[PDB]
Structures are given as C-alpha cells and as structure tokens.
Number of protein chains: 2
Amino acid sequence: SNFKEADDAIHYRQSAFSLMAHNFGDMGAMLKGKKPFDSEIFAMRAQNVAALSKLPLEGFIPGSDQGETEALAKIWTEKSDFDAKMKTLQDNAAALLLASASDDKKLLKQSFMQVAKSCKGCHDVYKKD
Amino acid sequence: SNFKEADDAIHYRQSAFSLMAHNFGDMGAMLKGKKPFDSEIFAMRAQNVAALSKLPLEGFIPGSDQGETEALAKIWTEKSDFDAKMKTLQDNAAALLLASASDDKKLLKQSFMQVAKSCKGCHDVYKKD
Ligand code: HEC
Ligand code: HEC
C-alpha cells in the first residue's frame, strides 16, 4: 500500500478535497460577483483545481471505510462507477482550465458548472449524508 | 482575505504540506530502495510535488501565528526571506520534475536532495521545534 495505515489514506483524500474546495470556491465567488473577478487569479485557481483533482483517488484504498470518514462503503462495491466519476471530474477540470485562458464569462460559468456538477453528483451517491 | 478565519488559513497550508510530504516521501522511498522504483510513478509524484509546492504560501496570512500552528511568528517579521525560500522550493521542484523525464538515477537523486534541502532549510529556521 502507499499508506502506512488506513487513517493516513483518509487524511490524504480529505486534505486533497479540502484544498480543491478552497480553490474552486474562490472561482465561484468571482463568477458570482461575491468578490472582484481577476482573470489571472481565476486561471491560477483553475490550474490548482486541475492539479488537485488528480490526487484524492489514490486515498480510496480497500478497507479505509472504517473510522472517521464520510466515504460510504459502497464506493468499494461500485468502484468502477466511482472511478468513472473521478475521471470525469478530471476531464471537466481540464476543460475549465482551458476556458480560463479566454475572457468569455458565459463559457467560464458553463465550464465551472460542469465541474460543480461533478462534485455534487459524486457526493450525492458516495458521500455520507 | 482569501480565508474566512485564521484557522482556515492554517488548515490550508498544513494540508498542502501534508500532501507534499506524501508525494515527496514516495519518491524518496523509491530512490532509497525501500520500495521498487517505477519511472512513471516517480514522474507522477514529481508533478504532484511541483503543483502542491505552489499552494501553501497563500496560507501564511498576517495574524495566523496564533492557535494550533507550528509556524513561528518570525515568519511575518522575516517574510522576505521566507518567501524567497518558498520560491526556491518552486524552482527546485521544477528541476526535479524535469529530471524525472530522464532515467539518470544520480541526477534524480541530486535533484531530489536539492528539494529536500529546501524543506529542511525552511523548517530549521521557520517551523517550531
Ligand atoms: C467522487 C467521484 C467525488 C468527486 C468527483 C468529488 N468528491 Fe468531494 N468527496 C468525495 C468523498 C467520497 C468524500 C469523503 C472523503 C472522506 O474520506 O471523508 C469527499 C469529501 C469532500 C470534502 C470534505 C473533505 C474533508 O475535509 O473531510 C470536500 C470539501 C469536497 N469533497 C469537495 C469537493 C469538490 C469541491 C469537488 C469538485 C471540484 C469534489 N469534492 C469532487 C467524493 C468526491
Ligand atoms: C518554508 C519556506 C517551507 C518550505 C520550503 C517547506 N516547508 Fe514544510 N512547513 C513550513 C511551515 C512554516 C510549516 C508549519 C505550518 C503550520 O501552520 O503548522 C510546515 C509544515 C509542514 C508539515 C506538517 C503539516 C501538518 O500536517 O501540519 C509537513 C509534513 C511539511 N511541512 C512538509 C514539507 C516538505 C516535504 C517540504 C519540501 C518538499 C516542505 N515542507 C517545504 C515551512 C516550509
């Protein structure tokens, strides 16, 4: 295994998701007008989200559904669909990174919403209530 | 500020460092023979370390030296030198990513050691004992 104990795998994936959320939420705040929009900071965030999105799958090792985690056990009996949702997150984050190189606000919002749908769609099925 | 409270900034930088350490340590384990060396996994790790190294500086916001943190207060009275160490970490991680595209083991070890010196050199000065 890549981790000494199961708790290390849980902490790893949780930390990657938390960092993803900070960067993704800053993009959302800018698009929603909650803070000033800045195209360079937006692109920096999109790069961070794309890089961070490659990290958490590693942490979903067998046997790491016990203890202090919000990951449902059915992740590991439906692992093919789970992995496919994670892969789609990657593609969507790559599209948002590409969109961040342009200044078309509607295309930015559209690409952002596709990533957001990836986050929520996986959570609704595979994260504890 | 990019963070709602100081504890959020602390958690952010701590999480980025923790993820960096997992990826960096896997490269070290492979170079030291503690686990089988794999050039593709090594390159994946080098990319992750380079991406993650761009994240933690954001978290060192003014006033976030109180509470549950190992960051010393002198980070903020010596912030120029601190930032310069972080920038050098970036350059070193970029060099290790470039080295990971080749199969020269001595050059890989040399580039890895330069990053490791960045980690320890900053810790020795700016992280609590
Ligand atoms: C499945 C394919 C997921 C996708 C895509 C995204 N997330 Fe998620 N997330 C998932 C799980 C199974 C869990 C629980 C992990 C655990 O071990 O507890 C999470 C958790 C989070 C969290 C909380 C992290 C923590 O501090 O404990 C956050 C903030 C989070 N996820 C955010 C997030 C965002 C912003 C996403 C899209 C950009 C996203 N996740 C995708 C499963 C999946
Ligand atoms: C200064 C310029 C640093 C460089 C370069 C690196 N690190 Fe570091 N690290 C630094 C500080 C000030 C702190 C304390 C942060 C806090 O708020 O507590 C840390 C902390 C860590 C940790 C512990 C994280 C945690 O879970 O709390 C780790 C595992 C860590 N740092 C690893 C690490 C590695 C592997 C580095 C090089 C690749 C590296 N850091 C560079 C300051 C600095």
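Throughout, protein chains are lettered first and strands after them, A, B, ... in sequence-line order, and every chain is numbered starting at 1. Ligands are counted one by one from 1 in listed order, and the atoms in each one are counted from 1 as well. Keep in mind that the numbers below use all heavy atoms, side chains included, and drop hydrogens, waters and symmetry copies.
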query = Do you reckon B/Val125 sits in the same ILVMFWY cluster as B/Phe82, going by side-chain contacts under 4.5 Å, direct or chained?
reply = yes
task = Decide whether a cation-pi geometry holds between A/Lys32 and A/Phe37; the criteria are a distance under 6.0 Å from NZ or CZ to the six-membered ring centre and an angle within 45° of the ring axis.
result = no
request  = Could you please spell out the steps behind the side-chain contact (heavy atoms from CB on, under 4.5 Å) verdict for A/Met20 and A/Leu52?
outcome  = CA-CA 6 Å; A/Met20 289 162 59; A/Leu52 288 159; 3.4 Å; yes
key: Trace of the side-chain contact (heavy atoms from CB on, under 4.5 Å) decision for B/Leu89 with B/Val115   = CA-CA 6 Å; B/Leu89 173 67; B/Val115 176; 3.9 Å; yes
query = Any luck finding a side-chain donor-acceptor pair between A/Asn23 and B/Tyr12 under 3.5 Å?
reply = yes
ask   = Can you find a side-chain donor-acceptor pair between B/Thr69 and B/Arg13 that sits under 3.5 Å?
value = yes
inquiry  = Quick one: does any side-chain atom of A/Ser111 pair with a main-chain N or O of A/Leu96 as donor and acceptor, under 3.5 Å?
reply    = yes
key: Proximal atoms of ligand 1 relative to A/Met86 (non-hydrogen, under 4.0 Å)   = 2 (C)
request  = Enumerate the atoms of ligand 1 whose separation from the nearest heavy atom of A/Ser118 is less than 4.0 angstrom.
outcome  = 5 (C)
key: Numbered atoms and elements of ligand 1 in range of A/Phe82, under 4.0 angstrom, heavy atoms   = 1 (C), 2 (C)
ask   = For B/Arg13, is at least one N or O under 3.5 Å away from an N or O on ligand 2?
value = yes
task = Check ligand 1 against A/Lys85 and write out every atom of the ligand that is under 4.0 Å from a heavy-atom position of the residue.
result = 2 (C)
task = Around atom 24 (C) of ligand 2, find the nearest protein heavy atom and jot down its residue, atom name and distance.
result = B/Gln14 O, 3.6 Å
query = What residue and atom, counting heavy atoms only, is the protein's closest point to atom 28 (C) of ligand 2, and at what distance?
reply = B/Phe17 CB, 3.7 Å
inquiry  = Taking the ring of B/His11 and the ring of B/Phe3, is the distance between their centroids below 6.0 Å?
reply    = no
request  = Could you tell me whether B/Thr69 and ligand 2 have an N or O pair separated by under 3.5 Å?
outcome  = yes
ask   = Should one rank A/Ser53, A/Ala84, A/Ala21 by closest heavy-atom distance to atom 35 (C) of ligand 1, which comes out on top?
value = A/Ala21
query = How close does the nearest protein non-hydrogen atom get to atom 4 (C) of ligand 1, and which residue and atom is it?
reply = A/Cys122 CB, 3.4 Å
Nitrogen or oxygen of A/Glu70 less than 3.5 angstrom from that of ligand 1 = yes
inquiry  = Salt bridge check, A/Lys87 against A/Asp91: does any charged N sit closer than 4.0 Å to a carboxylate O?
reply    = yes
Selection from A/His123, A/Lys128, A/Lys127 by shortest heavy-atom distance to atom 9 (N) of ligand 1 = A/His123
inquiry  = If hydrophobic clusters are built by linking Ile, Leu, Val, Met, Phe, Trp and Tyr wherever their side-chain heavy atoms come under 4.5 Å apart, do B/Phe60 and B/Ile10 end up in the same one?
reply    = no
inquiry  = Among all protein heavy atoms in this structure, tell me which lies nearest to atom 38 (C) of ligand 1, with the distance rounded to 0.1 Å.
reply    = A/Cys119 SG, 2.5 Å
task = Just jot down the ligand 1 atoms closer than 4.0 angstrom to any heavy atom of A/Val115, in number order.
result = 38 (C)
query = Out of curiosity, is B/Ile75 lining ligand 2, as in a heavy atom under 4.0 Å away?
reply = yes
